[PDB]
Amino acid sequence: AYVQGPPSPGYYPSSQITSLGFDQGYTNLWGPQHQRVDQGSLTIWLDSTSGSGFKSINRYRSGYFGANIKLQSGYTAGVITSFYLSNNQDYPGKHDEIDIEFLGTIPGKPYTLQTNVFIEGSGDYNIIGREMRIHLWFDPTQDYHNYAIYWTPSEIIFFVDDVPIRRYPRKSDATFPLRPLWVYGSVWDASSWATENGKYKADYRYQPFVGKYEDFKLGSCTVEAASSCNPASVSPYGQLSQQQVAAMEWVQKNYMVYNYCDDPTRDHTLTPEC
């Protein structure tokens, strides 16, 4: 027997980008007493009194946005730990968003990592989901792992431990986030839908529900940076390499459990990028 994991992507974007402490990139947004920073490493938590959430100091037009994150073991049903980009504070009610959400779980069921994209109101009222869900090839509670959202005017790529798990190419303006975004993370009670579509809900006997984040990476361009600013490289030459694509195909073949484009109950005319 040997340790079966994804094939090497042959390039490690996270390693080429300077790790930052929380305070160099972010501030608390809400629930400030449910956040603490220890030598740049962030601990945030949910209990029956409050969750917590943080927001980037700067607003961005493109970049690689990452962190090392560690989740909580045991019963965590209903609770979401997030790392995402959004501009709902700038375009309230008709916003763009790019999500990584760890959907809480029950003992004996693995965590689900959900990726999502919302554009120009598709996530505001009449919600048009663009979800892909995977399980992970490791236990995300036993150590910190790298997670990232890479976003440029041509593509969005989601990464786990420098392995791309999803690419969302720009196919049309209407289906692609083209406006500035801030970076956020949070831990909150999503009992309505998070765990088996709401079958298992938050049980605060198991509180607090803790998320840990460190080694923040912001290989990114602020909105008004010089036009010469480029986001961190996702490969040595540009574009995903064959090795990167192979690792992504391996993840999707072996770990993907939901893809909106493949769901026969979804009206795919609303998501023409499929």
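In this text, residue numbers run from 1 along the sequence as written.
> Compare the mean C-alpha B-factor of 21 to 29 with that of 259 to 267 as given in the PDB entry, and name the stretch with the higher value.
Mean C-alpha B-factor is greater for 259 to 267.
> On mean Cα temperature factor in this entry, is 62 to 70 or 234 to 242 the higher one?
Mean B over CA atoms: larger for 234 to 242.
> Quick one: which of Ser186, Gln114, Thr152, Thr195 shows the highest Cα temperature factor in the PDB entry?
Among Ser186, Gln114, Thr152, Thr195, the highest C-alpha B-factor in the entry belongs to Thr195.
> Quiz for you: based on the deposited Cα B-factor, which of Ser86, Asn146, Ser82, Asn126 is highest?
In this record, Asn126 carries the highest C-alpha B-factor of the candidates.
> Just say lowest, middle or highest third for the CA B-factor of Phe54 relative to the other modelled residues in its chain.
According to the entry, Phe54 has a C-alpha B-factor in the chain's lowest third.
> Please place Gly78 in the lowest, middle or highest third of its chain according to the CA B-factor in the PDB entry.
Answer is middle: the recorded C-alpha B-factor places it there.
> Quick check on the deposited entry: does the C-alpha B-factor of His135 sit in the lowest, middle or highest third of its chain?
As the PDB entry reports it, the C-alpha B-factor of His135 lands in the lowest third of its chain.
> With respect to C-alpha B-factor, does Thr141 fall in the lowest, middle or highest third of the chain as deposited?
Its C-alpha B-factor belongs to the lowest third of this chain's values.
> Would the CA B-factor of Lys199 place it in the lowest, middle or highest third of its chain?
It falls in the top third of the chain.
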